[PDB]
C-alpha cells in the first residue's frame, strides 16, 4: 500500500518527531516493493535515493570490480541515509532477502526534511553514532581472531532479530559461506571455531543456520 503515517511512526528516522514532519515526508515518498533476491534501487537515482524498509529484511554488500557482506537490515529500518551527509559515493548493493516493502525518498526531499525538522536530524545523528560504535567494535573483533569475529557477528545478529520481533530469533540464518562472506575468514578457521562452540554447548550448527543456545556463554567466552 501507499505510505501511511504508521510506517513513519515505526521508522527509526521518525521516532518522537512532530506529526507535521511525518506528514510532510508522506507527500514525497513512493511505495516500492521487492521480491526475494531483487536489488533495492530506484532506476535513475542509483546511489542517491533513501529507502525506509517497512517490512522484511535486506542484505547490504560491497562487491569488488567478490562480495563482502556488510550486514543485514531488518524492518523497520533504513538504507541510503549515509549519503545525504557524506557526498562520498561507493558501489554498495542492497538485496531483498524476503519480500520487502519500502518507502523511497529522493535525496533532495530528505535534505529538506532534515533542514526543516531538527528532531529527524537528531535521530539520524544517533543512528550514525551507533553505526560508528558498532564498526569500531567490528574492527576490534575481526582484528583479534575468528573466535572474536564470530561472537561479534552472532551476538549482534541475535539482537537485531530480537529487536525485529521475528520468529525464532536464536536461529541465525547463516551457513558457512555466509559466515565467511560476512567476516572474511577461511573455511578452515570458521569450521574449527564452530565445532568448538558446538562442543561447549554454546550453539548448534546446521547447514543453513546457527542456533544460539547460550548468548551469555558466547559473550563471556572471550
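Numbering follows the first chain given and starts at 1.
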Per the record, the count of deposited residues between residue 65 and residue 66 that have no coordinates is 1 to 3
Stretch with higher mean Cα temperature factor, 160-168 vs 193-201, is 193-201
Higher of the two mean Cα B-factors (40-48, 183-191; per PDB record) comes from 40-48
The residue of 115, 152, 101, 130 with the maximal C-alpha B-factor according to the PDB record is 115
Note to self: of 137, 147, 126, 89, the C-alpha temperature factor tops out at 89
Split the chain's modelled residues into thirds by Cα B-factor; residue 25 lands in the middle
Sorting the chain's modelled residues by C-alpha B-factor and splitting them into thirds places residue 13 in the middle
On the chain's distribution of Cα B-factors, residue 111 falls within the third called highest
Residue 84: CA B-factor among chain residues, third -> highest
So, residue 177's CA B-factor, relative to its chain, sits in which third? The highest
